[PDB]
Every structure is written in C-alpha cells, then in structure tokens.
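To start, the structure under review is shown below, and the notes come after it.
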Amino acid sequence: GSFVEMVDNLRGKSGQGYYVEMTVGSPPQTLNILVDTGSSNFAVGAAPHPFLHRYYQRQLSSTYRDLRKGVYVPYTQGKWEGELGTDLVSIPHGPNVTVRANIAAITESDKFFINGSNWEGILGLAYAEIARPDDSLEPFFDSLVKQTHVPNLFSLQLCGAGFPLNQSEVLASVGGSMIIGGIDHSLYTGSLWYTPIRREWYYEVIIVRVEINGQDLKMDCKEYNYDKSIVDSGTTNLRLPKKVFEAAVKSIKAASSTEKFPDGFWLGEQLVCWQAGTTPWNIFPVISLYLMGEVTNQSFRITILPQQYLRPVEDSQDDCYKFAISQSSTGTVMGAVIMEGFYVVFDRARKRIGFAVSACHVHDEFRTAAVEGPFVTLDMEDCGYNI
Ligand SMILES: CN1C(=N)N[C@](CCC2CCCCC2)(C[C@H]2CCC[C@@H](NC3CCCC3)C2)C1=O
C-alpha cells in the first residue's frame, strides 16, 4: 500500500553505498548503517577510526549484553573483525518497534569504512547460512520478524541522481526508500514481476537469457549463473562471470562503435567525459536480463539503460562517468547500479524477488528502463549451476 513513515529514509549513492538511520542501545545511540543485501551480519564501528565521527559505545548502553565471542570476516575487497553481543535496536524511519538483535562491535578493519560515505556500520539483510562466524548467529531481519508482527518482506528503491553529488549535496539529498514489512505502490510504475529465490543464503536468482539492444548474447545459460547470481545492494557494479563479461563487453563495444573508448574505460578504471549535457546516451545499448518466472516455462525481463550502467563521477563542467560493469570470478552480482533502475521486493515469506520499473530511475526522452513479460522459456532449471 502506502508506507509514508519509511518512504525517503535512505541516503547515499552507488559508489559509496545507501544507508538508513538506526539506533542501538539504551539510551539510543544513533548510527547510519549501510543497507547490504549481500551479507548477513549487523556490524557496527565500535572503536575510533579516521573515517568515523561516531561509533557504538557498549559501555554507555544499559541493555548491552556481551556474548564473549569474537568474529573475523575476510572478504575479497577487505576485512572486518569484532566482538559479538546483543542490544536493543530500532529504525527511526521504520516500523515502530524495538528488537533485541545480535551486533558485532567492530574493533579492527581493512577497506571497510569509506571516507565520506556517512555510514558507521552495515546491515546484512541476507540469510543465516552466510552469517559469520556461523548460521547460529541470527541475522537482524530474522530477529525483527520473530519478535514483532512485521511481515517477512522488505523492499528497496535505490535512487541514483544521474549526476555527481558533492559532499554537502549527498548529505542533503534523498537516496531512496527501504520499506520494512511491505510494498509501497508510489515507488514504482507498471507491474511487479517475480523471480524465485533459488536458495536462501545470498538472494540467489537464475538468469535465463541476456540481450544487448535485443541481440541475444547466445551463451549456454549456465554461464550467466556460474557459480551463482545474486542481488546485492552492497556491491556498486553489475558484475558478470569472466566469460560473460568478455562477450557482453564485445557486444557493448560493437553497439557503441561510433565512438572509441580507451581500454581503461572498459576495465571500469578510467572515467570518460563529455561537454555538459552532450552525453551520447543513444549510442550505448540497453541491456536486458531475463529472469526465471514463477510459472513453469515462463520468464520475464528487466531492461537497463546506459543511464544505469554508466556511473556519474566528478572530473570542469563536463559530464563524466565510469563504466559500472565489471568482471567476477564468483558469479553474477546485480549491484546498486542495476538496482537503481528498479523497485526491488525481497519477498522472503514467498521465497521470491520482485522487480518493477523505479519511479526514480534516470532516463531520457527516448528510452526508459522496463520490466516486461511473459516470455516462453524452456529448461530454465538447467540455467542454474551445481557444485
Ligand atoms: C560484496 N560484499 C557485500 N555486499 N558485503 C561485504 C561482505 C560479504 C560477505 C562476507 C562473508 C560471507 C558472505 C558475504 C562487505 C561490505 C563491507 C562494507 C563495504 C561494502 N561494499 C561497498 C559498499 C557499497 C559499494 C561497495 C562491502 C562484501 O564484500
């Protein structure tokens, strides 16, 4: 329906993350927390760090409970270490409830905090299977559902501005919505289409076909999900398995061949700039990902524009971007730049993820993002990778 209290409760951007305000402890300690659908721990800065202007102070909370256990979490881009405990947690622009949740108090980290991101912790919204140190550490959303009458579903509208936001602008700007326990109809246009959650660990999905400007990439669909495909708000880019990335970049280069870009642009390292207002969107192709539907032999597609996969960056008055599609050795990752095109419903109760065109997606007068279906698609279970 309508969830006014939660609409516009996010801030941030694809490159540094989208975050929501939360409170921890008694009296409440306010912290900004990264919304991360790609992990399952609630972990917050709990000791001084050069990039933090506030942190969780356990000694000032009367409701803090020490679990007397450490946690070490190495990830490819960095690491975080901490001390486990529980405390009372609330979301001010959320459901009007307080829950007792697990909190990892971060004591040491490497490439975790981002200078100028304005967040002090992460909210891992995925399932207990990938919680650290193990699946006995109940994730936040599981605690929320178990302790309250909040429905077992949340939905995300991540709003890319379509241009760079300076330090002051990114702090003052509305970055989107996290609707806890429901679907807000004002955040999308058209219909919601659902794909099954293949397995409850990451938010795993199955891609069954890929097109670049309607041209089929024509790879064995297992390649698209090798070794998994996930929906992850805590990754910036659309990341594709090595072989898929090579074929997709070849096709995107061919479609955009009226302009030549340096190798560093395609590697997602170097920015490209155009005179103010002259970005040649029309030379870049749309990308369609077909996802398994809820009905046997049925799929649907989500279509993104270059306004999603070209990420705005500051250089001058030029309009500059980085290519936000990159290679992966751990499967497809539908990151924040893809999520910015859509309202995404994480329907845990019905083991499915919904997509609809976002009411805040960036587009031009000639093209828009799309969510369309149905399409007849056979042997879709064969697209899933095993082992
Ligand atoms: C890709 N990915 C995530 N989605 N979460 C983590 C942990 C994954 C866990 C590791 C343990 C196993 C299960 C998966 C850490 C998180 C830390 C803070 C920074 C953030 N990325 C920034 C924020 C926005 C863009 C880039 C990454 C990660 O590596």
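For the structure tokens, the naming scheme is as follows: chains receive sequential letters (A, B, ...) according to their order of presentation, residues are indexed from 1 within each chain, and ligands are indexed from 1 in presentation order.
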
Next on the checklist: Can you tell me, as a ChimeraX atom specification, which residues in segment 140-198 of chain A count as strand (DSSP E) by DSSP?
Outcome noted: /A:154-158,176-180,188-196

Give me, as JSON lines, the closest atom pair and its distance (Å, one decimal) for every residue of chain A within a cut-off of 9 Å of ligand 1, counting only C-alpha atoms and all ligand atoms, rows sorted by chain and rising number.
{"residue": "A:13", "atom": "CA", "partner": "ligand 1", "partner_atom_place_in_ligand_line": "24 (C)", "distance": 8.2}
{"residue": "A:14", "atom": "CA", "partner": "ligand 1", "partner_atom_place_in_ligand_line": "25 (C)", "distance": 6.3}
{"residue": "A:15", "atom": "CA", "partner": "ligand 1", "partner_atom_place_in_ligand_line": "25 (C)", "distance": 5.3}
{"residue": "A:16", "atom": "CA", "partner": "ligand 1", "partner_atom_place_in_ligand_line": "24 (C)", "distance": 4.8}
{"residue": "A:17", "atom": "CA", "partner": "ligand 1", "partner_atom_place_in_ligand_line": "24 (C)", "distance": 3.8}
{"residue": "A:18", "atom": "CA", "partner": "ligand 1", "partner_atom_place_in_ligand_line": "24 (C)", "distance": 7.2}
{"residue": "A:34", "atom": "CA", "partner": "ligand 1", "partner_atom_place_in_ligand_line": "23 (C)", "distance": 7.2}
{"residue": "A:35", "atom": "CA", "partner": "ligand 1", "partner_atom_place_in_ligand_line": "23 (C)", "distance": 8.6}
{"residue": "A:36", "atom": "CA", "partner": "ligand 1", "partner_atom_place_in_ligand_line": "4 (N)", "distance": 5.5}
{"residue": "A:37", "atom": "CA", "partner": "ligand 1", "partner_atom_place_in_ligand_line": "4 (N)", "distance": 6.4}
{"residue": "A:38", "atom": "CA", "partner": "ligand 1", "partner_atom_place_in_ligand_line": "4 (N)", "distance": 3.8}
{"residue": "A:39", "atom": "CA", "partner": "ligand 1", "partner_atom_place_in_ligand_line": "14 (C)", "distance": 4.4}
{"residue": "A:40", "atom": "CA", "partner": "ligand 1", "partner_atom_place_in_ligand_line": "13 (C)", "distance": 6.8}
{"residue": "A:41", "atom": "CA", "partner": "ligand 1", "partner_atom_place_in_ligand_line": "9 (C)", "distance": 8.3}
{"residue": "A:73", "atom": "CA", "partner": "ligand 1", "partner_atom_place_in_ligand_line": "11 (C)", "distance": 6.0}
{"residue": "A:74", "atom": "CA", "partner": "ligand 1", "partner_atom_place_in_ligand_line": "10 (C)", "distance": 6.6}
{"residue": "A:75", "atom": "CA", "partner": "ligand 1", "partner_atom_place_in_ligand_line": "29 (O)", "distance": 4.9}
{"residue": "A:76", "atom": "CA", "partner": "ligand 1", "partner_atom_place_in_ligand_line": "29 (O)", "distance": 6.2}
{"residue": "A:77", "atom": "CA", "partner": "ligand 1", "partner_atom_place_in_ligand_line": "29 (O)", "distance": 6.1}
{"residue": "A:78", "atom": "CA", "partner": "ligand 1", "partner_atom_place_in_ligand_line": "29 (O)", "distance": 7.2}
{"residue": "A:79", "atom": "CA", "partner": "ligand 1", "partner_atom_place_in_ligand_line": "17 (C)", "distance": 7.8}
{"residue": "A:80", "atom": "CA", "partner": "ligand 1", "partner_atom_place_in_ligand_line": "17 (C)", "distance": 7.9}
{"residue": "A:111", "atom": "CA", "partner": "ligand 1", "partner_atom_place_in_ligand_line": "19 (C)", "distance": 7.4}
{"residue": "A:112", "atom": "CA", "partner": "ligand 1", "partner_atom_place_in_ligand_line": "18 (C)", "distance": 4.7}
{"residue": "A:113", "atom": "CA", "partner": "ligand 1", "partner_atom_place_in_ligand_line": "18 (C)", "distance": 6.4}
{"residue": "A:114", "atom": "CA", "partner": "ligand 1", "partner_atom_place_in_ligand_line": "19 (C)", "distance": 7.4}
{"residue": "A:117", "atom": "CA", "partner": "ligand 1", "partner_atom_place_in_ligand_line": "23 (C)", "distance": 8.9}
{"residue": "A:121", "atom": "CA", "partner": "ligand 1", "partner_atom_place_in_ligand_line": "18 (C)", "distance": 7.9}
{"residue": "A:122", "atom": "CA", "partner": "ligand 1", "partner_atom_place_in_ligand_line": "18 (C)", "distance": 6.7}
{"residue": "A:124", "atom": "CA", "partner": "ligand 1", "partner_atom_place_in_ligand_line": "5 (N)", "distance": 7.4}
{"residue": "A:126", "atom": "CA", "partner": "ligand 1", "partner_atom_place_in_ligand_line": "13 (C)", "distance": 8.7}
{"residue": "A:129", "atom": "CA", "partner": "ligand 1", "partner_atom_place_in_ligand_line": "13 (C)", "distance": 8.7}
{"residue": "A:130", "atom": "CA", "partner": "ligand 1", "partner_atom_place_in_ligand_line": "13 (C)", "distance": 4.9}
{"residue": "A:131", "atom": "CA", "partner": "ligand 1", "partner_atom_place_in_ligand_line": "13 (C)", "distance": 6.6}
{"residue": "A:132", "atom": "CA", "partner": "ligand 1", "partner_atom_place_in_ligand_line": "11 (C)", "distance": 6.6}
{"residue": "A:133", "atom": "CA", "partner": "ligand 1", "partner_atom_place_in_ligand_line": "11 (C)", "distance": 8.9}
{"residue": "A:201", "atom": "CA", "partner": "ligand 1", "partner_atom_place_in_ligand_line": "13 (C)", "distance": 8.6}
{"residue": "A:202", "atom": "CA", "partner": "ligand 1", "partner_atom_place_in_ligand_line": "13 (C)", "distance": 7.6}
{"residue": "A:232", "atom": "CA", "partner": "ligand 1", "partner_atom_place_in_ligand_line": "4 (N)", "distance": 5.6}
{"residue": "A:233", "atom": "CA", "partner": "ligand 1", "partner_atom_place_in_ligand_line": "4 (N)", "distance": 6.4}
{"residue": "A:234", "atom": "CA", "partner": "ligand 1", "partner_atom_place_in_ligand_line": "4 (N)", "distance": 3.6}
{"residue": "A:235", "atom": "CA", "partner": "ligand 1", "partner_atom_place_in_ligand_line": "25 (C)", "distance": 4.3}
{"residue": "A:236", "atom": "CA", "partner": "ligand 1", "partner_atom_place_in_ligand_line": "25 (C)", "distance": 4.5}
{"residue": "A:237", "atom": "CA", "partner": "ligand 1", "partner_atom_place_in_ligand_line": "25 (C)", "distance": 8.0}
{"residue": "A:333", "atom": "CA", "partner": "ligand 1", "partner_atom_place_in_ligand_line": "1 (C)", "distance": 8.6}
{"residue": "A:335", "atom": "CA", "partner": "ligand 1", "partner_atom_place_in_ligand_line": "25 (C)", "distance": 8.2}
{"residue": "A:336", "atom": "CA", "partner": "ligand 1", "partner_atom_place_in_ligand_line": "25 (C)", "distance": 7.6}

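When only C-alpha atoms are used to measure the gap to residue 360 of chain A, the shortest distance among A:386, A:96, A:328, A:177 belongs to A:177.
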
Checklist entry - Which one is closest to residue 274 of chain A: A:252, A:290, A:319, A:137? Count only C-alpha atoms. => result A:319

Next on the checklist: What's around segment 139-147 of chain A at 7 Å? Count only C-alpha atoms, leave out sequence neighbours fewer than 5 positions away in its own chain, and write the answer as a VMD selection string.
Outcome noted: chain A and resid 40 to 42 99 101 to 102 125 127 to 128 131 152

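Interatomic distance, atom CA of residue 119 of chain A to atom CA of residue 338 of chain A: 21.6 Å.
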
Next on the checklist: Please extract the residues of segment 209-360 of chain A with a backbone DSSP assignment of helix (DSSP H, G or I) and present them as a ChimeraX atom specification.
Outcome noted: /A:221-225,242-255,263-266,281-283,306-309,336-339

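Here atom CA of residue 225 of chain A and atom CA of residue 197 of chain A stand 13.2 Å from one another.
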
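Near segment 188-192 of chain A, within a cut-off of 10 Å and counting only C-alpha atoms, sit the residues residues 157, 183, 184, 185, 186, 194, 342, 343, 344, 345, 353, 354, 355, 356, 357, 358, 359, 360, 361, 370, 371, 372 and 373 of chain A, with same-chain residues fewer than 2 positions away left out.
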
Item to check | Computed interatomic separation between atom CA of residue 104 of chain A and atom CA of residue 84 of chain A (Å) | outcome: 4.6 Å

Next on the checklist: Under the rule that only C-alpha atoms are counted, which of A:153, A:292, A:158, A:91 is the nearest residue to residue 347 of chain A?
Outcome noted: A:153

Using only C-alpha atoms, I'd like a table of the residues in segment 152-224 of chain A that come within 7 Å of segment 309-312 of chain A; for each, show the closest atom pair and its distance in Å rounded to one decimal, ordered by chain and ascending number, as JSON lines.
{"residue": "A:162", "atom": "CA", "partner": "A:312", "partner_atom": "CA", "distance": 6.3}
{"residue": "A:163", "atom": "CA", "partner": "A:312", "partner_atom": "CA", "distance": 5.1}
{"residue": "A:164", "atom": "CA", "partner": "A:312", "partner_atom": "CA", "distance": 5.4}

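Closest approach to residue 160 of chain A among A:175, A:222, A:256, A:204 is made by A:175 (distances from only C-alpha atoms).
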